[PDB]
Amino acid sequence: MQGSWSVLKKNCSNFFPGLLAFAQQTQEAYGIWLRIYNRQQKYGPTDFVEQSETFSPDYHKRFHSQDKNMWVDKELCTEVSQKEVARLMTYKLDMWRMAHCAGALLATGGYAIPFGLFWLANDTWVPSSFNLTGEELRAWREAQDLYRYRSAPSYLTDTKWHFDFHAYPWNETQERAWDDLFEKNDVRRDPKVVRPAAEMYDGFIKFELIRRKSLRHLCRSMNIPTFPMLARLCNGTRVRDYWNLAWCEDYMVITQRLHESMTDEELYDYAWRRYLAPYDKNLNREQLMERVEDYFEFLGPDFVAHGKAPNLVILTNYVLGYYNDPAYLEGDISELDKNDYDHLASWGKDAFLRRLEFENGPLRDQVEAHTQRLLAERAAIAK
Amino acid sequence: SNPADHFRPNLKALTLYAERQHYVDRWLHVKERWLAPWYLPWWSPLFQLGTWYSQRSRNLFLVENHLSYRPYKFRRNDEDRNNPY
Amino acid sequence: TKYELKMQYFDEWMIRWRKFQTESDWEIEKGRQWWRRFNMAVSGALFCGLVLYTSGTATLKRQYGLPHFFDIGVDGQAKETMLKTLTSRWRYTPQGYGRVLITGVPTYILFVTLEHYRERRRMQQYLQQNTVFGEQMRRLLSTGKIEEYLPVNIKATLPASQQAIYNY
Amino acid sequence: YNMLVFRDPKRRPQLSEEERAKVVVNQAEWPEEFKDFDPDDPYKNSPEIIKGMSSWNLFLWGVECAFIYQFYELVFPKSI
Amino acid sequence: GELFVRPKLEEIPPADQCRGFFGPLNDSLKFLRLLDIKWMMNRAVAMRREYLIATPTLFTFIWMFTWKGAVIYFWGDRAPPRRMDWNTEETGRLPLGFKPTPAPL
Amino acid sequence: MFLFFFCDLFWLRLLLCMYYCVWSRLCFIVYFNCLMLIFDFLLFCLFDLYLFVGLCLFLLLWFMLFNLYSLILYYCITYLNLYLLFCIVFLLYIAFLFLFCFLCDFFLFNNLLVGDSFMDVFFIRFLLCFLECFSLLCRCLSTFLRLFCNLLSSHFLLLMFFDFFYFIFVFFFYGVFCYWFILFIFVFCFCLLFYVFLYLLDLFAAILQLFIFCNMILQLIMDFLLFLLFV
Amino acid sequence: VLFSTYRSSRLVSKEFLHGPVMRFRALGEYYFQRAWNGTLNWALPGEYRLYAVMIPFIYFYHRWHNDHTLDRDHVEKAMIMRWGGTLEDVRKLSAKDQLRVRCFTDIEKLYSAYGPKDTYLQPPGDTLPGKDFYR
Amino acid sequence: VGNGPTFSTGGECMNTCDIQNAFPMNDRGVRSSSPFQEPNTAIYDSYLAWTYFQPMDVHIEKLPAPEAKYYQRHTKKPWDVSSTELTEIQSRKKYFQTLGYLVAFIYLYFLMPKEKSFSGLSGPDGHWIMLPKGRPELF
Amino acid sequence: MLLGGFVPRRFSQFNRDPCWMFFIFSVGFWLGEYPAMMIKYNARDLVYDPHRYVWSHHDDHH
Ligand SMILES: CCCCCCCCCCCCCCCCCC(=O)OC[C@H](COP(=O)([O-])OCC(O)COP(=O)([O-])OC[C@@H](COC(=O)CCCCCCCCCCCCCCCCC)OC(=O)CCCCCCCCCCCCCCCCC)OC(=O)CCCCCCCCCCCCCCCCC
Ligand SMILES: CCCCCCCCCCCCCCCCCC(=O)OC[C@H](COP(=O)([O-])OCC(O)COP(=O)([O-])OC[C@@H](COC(=O)CCCCCCCCCCCCCCCCC)OC(=O)CCCCCCCCCCCCCCCCC)OC(=O)CCCCCCCCCCCCCCCCC
Ligand SMILES: CCCCCCCCCCCCCCCCCC(=O)OC[C@H](COP(=O)([O-])OCC(O)COP(=O)([O-])OC[C@@H](COC(=O)CCCCCCCCCCCCCCCCC)OC(=O)CCCCCCCCCCCCCCCCC)OC(=O)CCCCCCCCCCCCCCCCC
Ligand SMILES: CCCCCCCCCCCCCCCCCC(=O)OC[C@H](COP(=O)([O-])OCC(O)COP(=O)([O-])OC[C@@H](COC(=O)CCCCCCCCCCCCCCCCC)OC(=O)CCCCCCCCCCCCCCCCC)OC(=O)CCCCCCCCCCCCCCCCC
Ligand SMILES: CCCCCCCCCCCCCCCCCC(=O)OC[C@H](COP(=O)([O-])OCC(O)COP(=O)([O-])OC[C@@H](COC(=O)CCCCCCCCCCCCCCCCC)OC(=O)CCCCCCCCCCCCCCCCC)OC(=O)CCCCCCCCCCCCCCCCC
Ligand SMILES: CCCCCCCCCCCCCCCCCC(=O)OC[C@H](COP(=O)([O-])OCC(O)COP(=O)([O-])OC[C@@H](COC(=O)CCCCCCCCCCCCCCCCC)OC(=O)CCCCCCCCCCCCCCCCC)OC(=O)CCCCCCCCCCCCCCCCC
Ligand SMILES: CCCCCCCCCCCCO[C@@H]1O[C@H](CO)[C@@H](O[C@H]2O[C@H](CO)[C@@H](O)[C@H](O)[C@H]2O)[C@H](O)[C@H]1O
């Protein structure tokens, strides 16, 4: 979304109430995170707690391993509720953007004020706490959805093009899964059909091998600030933390069937945090439930059985495929009755163009026959 | 000689001259003007980026104790090898 | 207080008029260089300590575990001692932006603070000097402007073989 | 054919000999510009851009411009 | 060229097998391993840690090709002259009777 | 000292604006190998191995607009300076080298230590490593030197031959009306033949030199690329 | 909020200067947008007539610049140095004399390395002025 | 028929290109110069072969106009600029750039004098800038 | 790339295309400037500068 004066007024008016709300949310989220962190350190696997190192096979660069460096706490419901996890995720997003802004302020002193004016004029990078009414929150969510729409197609195209240019699927089922994974959101993708793409891509690029440019696209699509990007293991850490929390909440919901009892607005928020349900689509409860159930089915039985989710790259592509709208087409078909090169009509045809029309026109066969006969006669005379 | 003279830029328009002292001083004045305000604390990365490297280089110049002679950078004639002055 | 903005003009003038640099001023600058190196060393030590403290347990086990390059016996003993010391207690081991901040911000703050106060120390040292450079420093802090050609105005001392110019 | 390094493009035949032999040529339908069409000289009957302006006339125009360029200062010299 | 796989802990030969400039620096000579550069090179090759030999070299070259080369060329100290112009340490001091300005207070 | 001057491409910039306001397909590229680095399928690289395509294309266009059109008399190669070419090659080569070095993967340099464990490390392998590290920088220097020297020599030869042809054509054409006309006609025909040969040689050499210039940079990149196999 | 980062923020109407722009595009497209106009790296087109037109034009304007701006400096230097060492001394000559001097400079250029060397080397016994004539 | 251009080919022969399968083949065996179906495509042989398509008057059974619902997609975004609009913008920009470059070329090669002339009749000899002013203490 | 375009078969056809008309005009200039130089610089009344030995570029570049 572009900056506007109305949004600037909105954010300037709600600046200090927003900061106070952010501070209160910071205290609450620190409590929630402290509970989760203590539980992770106490009951987590040895590899997860010790932060086992996984290096790439080409340049031996460390990155998070989905199997070892991510852990789904199946018994987190005892200590932390689903709503608390959602609160922590939302606060993590807000805190990341606030932290980048605070870093800019500290770095540049008082010269960041005009950039702050640019910042408050847009809802893309302001915290959710700056909205004190429903309409303001709706506009803020619209800005977030617009940024997701702007960023997701590049991520999807990067993944698809690199794989298709450097590799191909092994079998027909993988071919169908790969082709159906990147369909536009106007058609419904069957998660059972699309799941094999996860293993196929695990053969190609696991989350531990994700490239820095692809990571930048993904973080843009997830509303995660990317400047300064720095090493890929910083925003990668952010992505890992966010999706680890999401998977913990998903296990809680699947096991306890909370989504069925979840209300309409809370269900919409739950889908939105999974990048499944844009607010501009005006989805009803039926559509939200369908998308959430498809997401759970994509996670698969192994997620509940062992807490192992499919490949994170393919999962992110699948969920962000809901922001891959059909390419726009505006204008009546009658516009195809016009002409594009009327401005050249005055120039006419030169000698070469006339020759080409004569040789390749409706009389082309006659000209070809005459030319070949003449050449044959000349060749015979020469011999 | 004459063939060698063909290999020169053909669209020279204007040449301007400025002493190193003068524009260095002007740049320092600009830097002081922009780094002076109170709302830019001395501990900010911007201020240190502006000042620390320059201070370090000037200190290195001052500490220099060379046994050889370095001819003045901006002499009128630096083409004579047997005349450093 | 921002001493660098005042001192840049003085340093440039000293470079331009370095002929009148007494051995005392040279010693002052050498001390400044030594203190800069010391500040770099201590800041680097702090950065290394913070990096080691925040390092992951598996990372430490790999780094301070077998094999031994030299295998003298002291090497293994030292590595085991450090590994046990680090892995005994609980350590906050952040990753990503967090480790960057924890390892860097203290280092930057320490280095900048030490350098700034050493710059103040050098300004005081030049204020206390009884040479033409010290007089220029005092005049700079008084009038706020650098007075070039000061050494030849107040007739600062010259070698016995170069006093003819002052002969007026 | 060629004019220095510029070679005249030639259309590749598309018909086979059997199909080609069955084609009936009727030059009455052809444009007047291309009658008795010759691949070795397709522009023999092509109209001139300017009526009465020959190629030799243009060549001579350039020669005269060169002579003017070299001889004008001989008749109307100017001071430094 | 091809992918590099680090050796396992069991695939690394013992330190006693490594050779120095003259011969192995075994017991009673272990502390000489620190000083023998060739022994360290052979040990690094044995442990597949060849980068310890290659990384310092290339970087050094880069450091010379990029930053120190020009510094030496433009600001280096040339060889001193035969007849040397030492400093008499007479310049700089204020003249007699001069009233220096007061220091800040 | 600040000299204000302009490049000799203003008419070509005008033509580019006129002829490329609308899109056109490009199917002929001087250095096509920057687009096809991998020839065996199922091989892929996690490094940004196609980052050089844009710079390669722009460099080819710029150097072609200068070098190829310099065959027209009085056309100036504005950048023809040894140290300026050094700056250009320094930018490209050192930028890619620093891209590989910022990766902080020291194992990438394992191949610098030439040979196998059988060869003596200090007296053979280490000296080969020294020579190879020297050879990287020498490759940079040779690239820029080759580009400079080829242009300089070609244009010197063209200028000298053109001067000779002008001299004989202007001051000895009267022999056509004399009894030694056959000698002048022989010399004139030889001069025409040498003229055509020199122009063709320069046209070929310019494109070949640009190809080699881009090939050196791509070789630097390829020396440090590692390819994974899809499974 | 002050300036848009998107090219879609239009500053003029779609029909602003439509006619002149269409004429300009017609001039550009007629010869260039053709199948046989396949360029080599955007620099060398396939159409012959583009060469036939642009090589002469480039040579013409470059030659005019060289003759009237670059070689004129050498010509004026020769005139000044050989006829007094000052501009006023040259201006004391008539236009015809200056024409003669400039054409002799052209002669020297055309010989260059192959002409006779008596154009600049004074043979012994020659009665013409030497280098110390004006000194 | 008109004199307008067609889908650009880049001077390539589609019967031997690396993406030849993307170009339909007609009855005569000549692959099209475009994604469209072409009945009269030909190949010309200069130093290199190149495919050419000659526009002609041909009637095609026109399926009736569909409803706007089944082909219009109203997913336009503020950042989106259509190809037609981009062509318009670039045409105007390049027109103005061409005029400016023309003026620059005329001035450079026909009006601008070269600096530092021997006679001093044309061009500047250079001068100093950034000289101090109102700083008596500087001297 | 030299792929195609109008190519006159002989001299007389250069007037069948405006671009080749300009080309043949330019060729006329190119080839006709040489005879003019022959006439001008091999003239009977052309006289070498009497002061040609006062100064030469050979002095200056040496
Ligand atoms: C005065 C001097 C200033 C120096 C100059 C500074 C120049 C600017 C540089 C930036 C400085 C920081 C700016 C503020 C950031 C906000 C605080 C913070 O860390 O937020 C958490 C957040 C953590 O991010 P993450 O990715 O989640 O971290 C992964 C970890 O695993 C996360 O760990 P976890 O997953 O286990 O979860 C823990 C989490 C759990 O907590 C929670 O969930 C609760 C929430 C806690 C965080 C709340 C943050 C709120 C941020 C907004 C604040 C309000 C702004 C209001 C603005 C308007 C004001 C009117 O709690 C944390 O986030 C803790 C993180 C670790 C602490 C980092 C702080 C270390 C530095 C401070 C100590 C310095 C002592 C000096 C001693 C001197 C000795 C000589 O920080 C960020 O978002 C990162 C900053 C983003 C900008 C980066 C810019 C480049 C930085 C380069 C620095 C290089 C070194 C310095 C030299 C530079 C020279 C060029
Ligand atoms: C009170 C408040 C509360 C307290 C404070 C709180 C903290 C606040 C601070 C933190 C806020 C963070 C969030 C900020 C968000 C907004 C950022 C932004 O700018 O958005 C674009 C923003 C609009 O954003 P938007 O409309 O919302 O669209 C956002 C979209 O999402 C589009 O988004 P997008 O992603 O597409 O846009 C991104 C775009 C952002 O960029 C832009 O959009 C560019 C903006 C500038 C465009 C200028 C165009 C106009 C130019 C005019 C030229 C002059 C004309 C003639 C004037 C004549 C005057 C007489 O690109 C980038 O991100 C590129 C980043 C580049 C980073 C560069 C890093 C360099 C590092 C150097 C190398 C170091 C290496 C290491 C070396 C180590 C050595 C040891 O742009 C503007 O509004 C343009 C303003 C133009 C102002 C006028 C022209 C300049 C005037 C200069 C005056 C100078 C006076 C002094 C002169 C003295 C002479 C001696
Ligand atoms: C046709 C002609 C037109 C005119 C042309 C003009 C001439 C241009 C010629 C040359 C242009 C190219 C130059 C390239 C240089 C090399 C760049 C390079 O090596 O980059 C490496 C690398 C590449 O960047 P990246 O992070 O990978 O991603 C860049 C993408 O663009 C990120 O994209 P993304 O999509 O991932 O993220 C989008 C979005 C994502 O949104 C977010 O992330 C949320 C918002 C983030 C807010 C910022 C947070 C910052 C946190 C702390 C950063 C570290 C501070 C370090 C300490 C301070 C040092 C000063 O981020 C933003 O929207 C960024 C907004 C930034 C707006 C400012 C852009 C510059 C406009 C000019 C303003 C300054 C004018 C000064 C001169 C005039 C003075 C009178 O850069 C970094 O690592 C970033 C380090 C940043 C350090 C701070 C800046 C250092 C430079 C000195 C600053 C001086 C300030 C002066 C203040 C006023 C004094 C009077
Ligand atoms: C990650 C990047 C990877 C990609 C790389 C890409 C590029 C290619 C690579 C190659 C580079 C290409 C070049 C590009 C241009 C870059 C700029 C450039 O070249 O500028 C040079 C440029 C050269 O200076 P210059 O401008 O030419 O002026 C010359 C003057 O000397 C200037 O004077 P100054 O006043 O500025 O002071 C400078 C001072 C700099 O040094 C200092 O200030 C003092 C020392 C600083 C230490 C820093 C911390 C180190 C760690 C501390 C301890 C940690 C452990 C703690 C726990 C211990 C527990 C036991 O150096 C000296 O003057 C020499 C003093 C040496 C004293 C030696 C006394 C004798 C005893 C010690 C040695 C012998 C020991 C024998 C033991 C035998 C045992 C059997 O700048 C400098 O080098 C000096 C300023 C910067 C200093 C930074 C200090 C940190 C360096 C990094 C250390 C850590 C990383 C390395 C190890 C990594 C291991 C994995
Ligand atoms: C205006 C301010 C200006 C600032 C200037 C200072 C520079 C910029 C400041 C910072 C800017 C912001 C961004 C920085 C880069 C961010 C990198 C990043 O994203 O890291 C993420 C990463 C977080 O990811 P993670 O998963 O938690 O951990 C990384 C993984 O392990 C990763 O796993 P992995 O698999 O990748 O493991 C590999 C990893 C393993 O390493 C690590 O990741 C561990 C952390 C680094 C350890 C480095 C120390 C190694 C030991 C040094 C021993 C030295 C002994 C010397 C003794 C001398 C005795 C005489 O990397 C390495 O192996 C690289 C080792 C370093 C090699 C250095 C080679 C240098 C060659 C020198 C050539 C010659 C130079 C010139 C000549 C000099 C002499 C004449 O962050 C870190 O690990 C630490 C980041 C620290 C950031 C820098 C803090 C800056 C503080 C500045 C203080 C001083 C200020 C001075 C101001 C002056 C006035 C203005
Ligand atoms: C004291 C005497 C004066 C001089 C003062 C100088 C002060 C210097 C300060 C100290 C600087 C130290 C460092 C110097 C380093 C120099 C290095 C260098 O030259 O490298 C070679 C290098 C050669 O580059 P290049 O390859 O030739 O390409 C650059 C070209 O500009 C072409 O590149 P491009 O085509 O890619 O450029 C983009 C181009 C894209 O194409 C275009 O836009 C086409 C137009 C091209 C224009 C630019 C080419 C200029 C051609 C020659 C001049 C044209 C005729 C001027 C007539 C003058 C008559 C006296 O767009 C533009 O140029 C944008 C500007 C368009 C302006 C349009 C104005 C329309 C006005 C309409 C008014 C209507 C009023 C109606 C009223 C009605 C009332 C009823 O130069 C540069 O890269 C640029 C160096 C500039 C350095 C900064 C200098 C400071 C700024 C000085 C401005 C002075 C303004 C005041 C003058 C007033 C008249 C006396
Ligand atoms: C957080 C750290 C805070 C540190 C606070 C201060 C700690 C106590 C003082 C430390 C010791 C200071 O003592 C320091 O000795 C060194 C010599 O070794 C002196 O240095 C002197 O001799 C060295 C000898 O090589 C010269 O290079 C140098 O130019 C000269 O100044 C310093 O001028 C003095 O400051």
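FYI, side chains are in, hydrogens and waters are out, and symmetry mates aren't considered; it's all heavy atoms of this structure. Both counts, for ligands and for their atoms, begin at 1 and track the order of listing. Order of the sequence lines fixes the chain letters, A, B, ..., with proteins taken first and strands second; residue numbering starts at 1 for each chain.
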Protein heavy atom under 4.0 angstrom of atom 27 (O) of ligand 2, is there one?
yes
Going by the rule side chain to side chain contact (heavy atoms under 4.5 Å, CB included), which residues pair with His68(C) if we only count those two or more places apart in sequence or in a different chain?
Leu66(C), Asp71(C), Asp75(C), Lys79(C)
What residue and heavy atom of the protein are closest to atom 16 (C) of ligand 2, and at what distance?
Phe118(A) CB, 3.7 Å
Taking side chain to side chain contact (heavy atoms under 4.5 Å, CB included) as the test, write out the residues that go with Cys48(C), two or more places apart.
none
Taking atom 25 (P) of ligand 2 as the reference point, the nearest protein heavy atom with its distance:
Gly3(A) N, 4.0 Å
Of all protein heavy atoms, the one nearest atom 88 (C) of ligand 2 is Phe3(G) CE1, 4.0 Å
Any protein heavy atom nearer than 4.0 Å to atom 13 (C) of ligand 2
yes
In ligand 2, which numbered atoms sit nearer than 4.0 Å to a non-hydrogen atom of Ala112(A)?
8 (C), 9 (C)
Protein heavy-atom partner closest to atom 11 (C) of ligand 2 - residue, atom, separation in Å:
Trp119(A) CB, 3.7 Å
Can you label the angle between the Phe86(F) ring and the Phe90(F) ring as parallel, tilted or perpendicular, going by 30° and 60°?
perpendicular
Can you figure out which of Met64(E), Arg37(C), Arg56(B), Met40(C) has its heavy atom closest to atom 31 (O) of ligand 4?
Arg37(C)
Give a yes or no on whether atom 76 (C) of ligand 3 lies under 4.0 Å from any heavy atom of the protein.
no
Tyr147(A) versus ligand 2: do any nitrogen or oxygen atoms come within less than 3.5 Å of each other?
no
For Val1(G), take its heavy atoms, then give the atoms of ligand 2 lying under 4.0 Å from any of them.
23 (C), 26 (O), 83 (O)
Close-contact set for ligand 4 against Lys68(E) heavy atoms, below 4.0 Å:
27 (O), 29 (C)
Among all protein heavy atoms, pick the one closest to atom 8 (C) of ligand 2 and tell me residue, atom and distance.
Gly116(A) CA, 3.4 Å
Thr66(E) N/O to ligand 4 N/O under 3.5 Å:
no
Considering only non-hydrogen protein atoms, determine which one is nearest to atom 7 (C) of ligand 2 and report residue, atom name and distance to 0.1 Å.
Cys101(A) O, 4.0 Å
May I ask you to list the atoms of ligand 2 that are less than 4.0 angstrom from any heavy atom of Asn122(A)?
27 (O)
With backbone taken as N, CA, C and O and side chain as the heavy atoms from C-beta onward, which portion of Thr60(E) lies under 4.0 Å from ligand 4: side chain, backbone, both, or neither?
neither
Nearest-option assignment for atom 49 (C) of ligand 4, heavy atoms, candidates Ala70(E), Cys48(C), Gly44(C)
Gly44(C)
What protein heavy atom is closest to atom 42 (C) of ligand 2, reported as residue, atom name and distance in Å?
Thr5(G) CG2, 4.7 Å
When you compare ligand 2 with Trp34(B), is there at least one nitrogen or oxygen pair between them that comes in under 3.5 angstrom?
no
Atom 85 (C) of ligand 2 protein-contacted, heavy-atom criterion under 4.0 angstrom:
yes
the protein heavy atom lying closest to atom 2 (C) of ligand 2 turns out to be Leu120(A) CD1, 4.0 Å
Can you confirm whether the side chains of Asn11(A) and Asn122(A) place a donor and an acceptor under 3.5 Å from each other?
no
Please list, in number order, the atoms of ligand 4 under 4.0 Å from a heavy atom of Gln33(C).
35 (O)
Check ligand 4 against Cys101(F) and write out every atom of the ligand that is under 4.0 Å from a heavy-atom position of the residue.
3 (C), 4 (C), 6 (C)
My question is simple, although I want it checked carefully: is atom 80 (C) of ligand 2 less than 4.0 angstrom from any protein heavy atom?
no
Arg150(A) and ligand 2 - part of the residue with a heavy-atom distance under 4.0 Å:
side chain
Closer than 4.0 Å and a protein heavy atom, does any atom meet both conditions relative to atom 96 (C) of ligand 2?
yes
